[PDB]
Amino acid sequence: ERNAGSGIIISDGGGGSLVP
Amino acid sequence: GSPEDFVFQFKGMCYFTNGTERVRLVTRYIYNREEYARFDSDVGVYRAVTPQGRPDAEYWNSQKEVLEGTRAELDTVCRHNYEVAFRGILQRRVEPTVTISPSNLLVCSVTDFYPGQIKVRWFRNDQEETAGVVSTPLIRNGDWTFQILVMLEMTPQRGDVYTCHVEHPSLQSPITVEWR
Amino acid sequence: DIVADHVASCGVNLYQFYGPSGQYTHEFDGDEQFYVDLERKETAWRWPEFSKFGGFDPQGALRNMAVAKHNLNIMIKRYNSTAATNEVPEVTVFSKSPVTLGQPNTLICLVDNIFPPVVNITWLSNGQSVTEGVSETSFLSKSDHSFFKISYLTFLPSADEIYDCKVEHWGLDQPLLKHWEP
Ligand SMILES: *[C@@H]1O[C@H](CO[C@@H]2O[C@@H](C)[C@@H](O)[C@@H](O)[C@@H]2O)[C@@H](O[C@@H]2O[C@H](CO)[C@@H](O[C@@H]3O[C@H](CO)[C@@H](O)[C@H](O)[C@@H]3O)[C@H](O)[C@H]2NC(C)=O)[C@H](O)[C@H]1NC(C)=O
Ligand SMILES: *[C@@H]1O[C@H](CO)[C@@H](O[C@@H]2O[C@H](CO)[C@@H](O)[C@H](O)[C@H]2NC(C)=O)[C@H](O)[C@H]1NC(C)=O
């Protein structure tokens, strides 16, 4: 009786970053 | 100059063709306006669309539970919602209003109709006019109705009768409005 | 674009760092079926007719927003912290129905090609702000991942009674006043 929504999958994380 | 923004979009997109003869789910993962990863039920696994999606595609495809759940959403989301909502919405009908106004040019404004499938014909006396007819695109009002304007270039003789003729799935037979 | 008879988004999930803020809607053939008020944590209908086509458990939207916040942090890092481009929106104003003086009508302000999804849309009547009779859609999705948004002003057509839709957006150099007259 309810509409269902697609679920967002949890990204792989823990990557480094670079400052622009 | 302006404040900085960083946007994430996730789109769970359901495509239907021939009723439910063909159903396809495409889940899209977007950074700002760039789709970087996606799941396509016709493919059955995640794919990187840009290099930045490669960590997720590899990670997600290694988790059996993730693949099983996403694959099941073709049923639990798309087919399910088609049964709960979209069949009914597809039965929805809102009749168009048809008005003619002059401008030589005649403008037939067809307004406040749903769904978007519609055909507008112009007639001069007992002949359908094809040359000199030009239409706007279908205009989406955002409130679950459309409108459209269809113009006829005319060189009217007195006694000529012009007819705007509108077919639409809400109508048992076409609406006709006359301008003398 | 994928070829199909009908297309639904179940749903459109937006989350952005400015705010931060989010949006959760379902779309069918390009119109908004329902949304989730994330502040009140409840499913709602801008167009209440469509409540007849089933409800929605708002906890699904809230879970997705938590996951989206996480994912956005990660994607900001993966993209060297590249900020959204401010696109230039286009504004169109038109009546919903043929205009007859003294017959209630609705003005439609369409703001298209919105990105990022941050916008001020207001109405002016003879140069003064109008607040009564104004409503608007969600940010409705587009296949190029920009958005449009539509604002509505119920009004009574009259002579010498003119309107502007005033749009503020970071991709404009100054606020845009799009005019309309009966
Ligand atoms: C994330 O950031 C890195 C680093 O980019 C560097 O820092 C930025 C803030 C800018 O100032 C950049 O101009 C600067 O290079 C990006 O990686 C870099 O990518 C470029 C292009 O692929 C690499 O240069 C190439 O090197 C090959 C081999 O020598 C040449 O043949 C090519 O012609 C080209 O010059 C560069 O080596 C690389 N640097 C590092 C440290 O990895 C990265 O692309 C970026 N990611 C995103 C999504 O923007
Ligand atoms: C949407 O409207 C708000 C309200 O006017 C804008 O925020 C204002 O921004 C100015 C300039 O930075 C400040 O002086 C005001 O104090 C702000 N007002 C509030 C209530 O915060 C906002 O910038 C608008 N959005 C866009 C994209 O123009």
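Calculation notes
Residues numbered from 1 in each chain as written, not as in the entry; some residues may be left out. Chains lettered and ligands numbered in written order. Heavy atoms only, no water. Residues with missing side-chain atoms left out of burial classes, pairs and counts. Near = heavy atom within 4 Å. Polar contact = N/O pair within 3.5 Å; in protein donor to acceptor, adjacent residues only side chain to side chain. Areas by Shrake-Rupley, 256 points an atom, 1.4 Å probe, with all protein chains shown as cover. Nonpolar A, V, L, I, M, F, W, Y, C, P; charged D, E, K, R; others polar. Contact = heavy atoms within 4.5 Å. Buried area = accessible area lost by both parts, 1.4 Å probe. Salt bridge = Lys/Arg side-chain N within 4 Å of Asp/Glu carboxyl O. Helix = DSSP H or I, 4+ residues; strand = E, 2+ residues; numbered from the N terminus. Domains from an automatic or database assignment. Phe/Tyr/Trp six-rings, centres within 6.5 Å; stacked < 30°, edge-to-face > 60°. Buried < 20%, exposed > 50% of the residue type's maximum accessible area, 1.4 Å probe, protein only. Expected span 1.5 Å × (residues − 1). Disulfide = S-S within 2.5 Å.

In its metadata, the entry names X-ray crystallography as the structure determination method and reports 1.75 Å as the resolution.

Give a description of the site of ligand 1 that names residues and reports values.
What surrounds ligand 1 is the set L18(A), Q52(B), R78(C) and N80(C). With respect to ligand 1, the chains having nearby residues are chains A, B and C. Measuring from an oxygen atom of ligand 1, one finds a side-chain N or O atom of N80(C) at 2.5 Å. In the complex, 20% of the free accessible area of ligand 1, which totals 910 Å², lies under the protein chains. Classifying every residue of the shell around ligand 1 gives 1 nonpolar, 2 polar and 1 charged.

Describe the interface of chain B and chain C, with residues and values.
On the chain C side, the residues contacting the 54 residues of chain B number 63 residues. For the chain B and chain C pair, buried surface summed over both sides reaches about 5200 Å², with 59% attributable to carbon and sulfur atoms. At the surface where chain B touches chain C, the tally comes to 7 salt bridges. A salt bridge links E49(C) to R92(B); the shortest N-O distance between them is 2.7 Å. Summed over the shared surface of chain B and chain C, the result is 37 residue pairs in polar contact. Those elements giving two or more residues to the side of chain B that touches chain C turn out to be β1 (7-17), β2 (22-31), β3 (34-40), α1 (54-62), α2 (64-91), β6 (105-113) and β10 (139-140) of chain B. In terms of residue count, the dominant contributor to the side of chain B that touches chain C is β1(B) (11 residues). Residue composition of the side of chain B that touches chain C, grouped by class: 24 nonpolar, 17 polar and 13 charged.

If you had to explain the domain arrangement of chain C to someone new, which residues and values would you point to?
Residues and elements named next belong to chain C. Parsing chain C into structural domains produces domain 1 (4-83) and domain 2 (84-182). Between domain 1 and domain 2, the residue contacts involve 14 residues of the former and 15 residues of the latter. Summing the contributions of domain 1 and of domain 2, the shared interface buries around 1100 Å²; its carbon and sulfur component is 55%. Where domain 1 meets domain 2, there are 0 salt bridges. Where domain 1 touches domain 2, the interface holds 5 residue pairs in polar contact. Listed by contribution, the elements that provide at least two residues to the side of domain 1 that touches domain 2 are β1 (6-16) and β2 (21-28). Among the elements that take part in the side of domain 1 that touches domain 2, β1 stands out by supplying 4 residues, more than any other.

Could you give an account of the packing of aromatic side chains, with specific residues and numbers?
Residues and elements named next belong to chain C. For the structure shown, the criterion picks out 28 aromatic pairs over all chains. Ring geometry for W47 and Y152: centres 5.6 Å apart, planes at 85 degrees, overall edge-to-face. Of this pair, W47 sits in the loop between β4 (42-44) and β5 (55-56) while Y152 sits in strand β12 (residues 147-155), and the two are 105 residues apart along the sequence. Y152 carries the same exposure label as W47, and that label is buried. With centroids separated by 6.4 Å and ring planes inclined at 5 degrees, the aromatic side chains of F115 and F147 adopt a geometry described as stacked. Of this pair, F115 sits in the loop between β7 (105-114) and β8 (120-125) while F147 is found in strand β12, placing the two residues 32 residues apart along the sequence.

Any chance you could break down helix α1 (residues 58-78) of chain C for me, citing the residues and the numbers?
The end-to-end C-alpha separation of α1(C) is 30 Å, in line with the 30 Å expected for 21 residues at 1.5 Å each. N80(C) sits one or two residues past α1(C) and shows a positive phi near 60 degrees.

Would you mind going over the site of ligand 2 in detail, with residue names and values included?
All names here are of chain C. Taken together, the neighbourhood of ligand 2 is formed by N120, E168 and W170. Contact between ligand 2 and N120: an oxygen atom at 2.5 Å from a side-chain N or O atom of the residue. Surface burial for ligand 2 is 29%, taken as the share of its 590 Å² of free accessible area covered by protein chains.

Outline the state of the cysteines, supporting the account with residue identities and numerical values.
Counted under the stated rule, the structure contains 3 disulfides over all chains. The residue that forms a disulfide with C14(B) is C78(B), at a sulfur-sulfur distance of 2.2 Å. A torsion of -80 degrees about the S-S bond marks the disulfide between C14(B) and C78(B) as left-handed. Taken together, the residues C14(B) in strand β1 and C78(B) in helix α2 connect sequence positions 64 residues apart. The pair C14(B) / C78(B) is uniform in exposure class, with both members buried. The disulfide bridge from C108(B) ends at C164(B), spanning 2.0 Å between sulfur atoms. In this structure the cystine formed by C108(B) and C164(B) twists about its S-S bond by roughly -90 degrees; its chirality is therefore left-handed. Taken together, the residues span a long stretch of sequence, with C108(B) in strand β6 and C164(B) in strand β12 (residues 162-167) at a distance of 56 residues. Classification of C164(B) by relative accessible area gives buried; the value is 0%. Once the disulfide-bonded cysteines of chain B are ranked by sequence position, their pairing pattern turns out to be 1-2, 3-4. Not engaged in a disulfide, the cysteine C10(C) finds its nearest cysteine sulfur in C14(B); these two sulfurs lie 4.4 Å apart.

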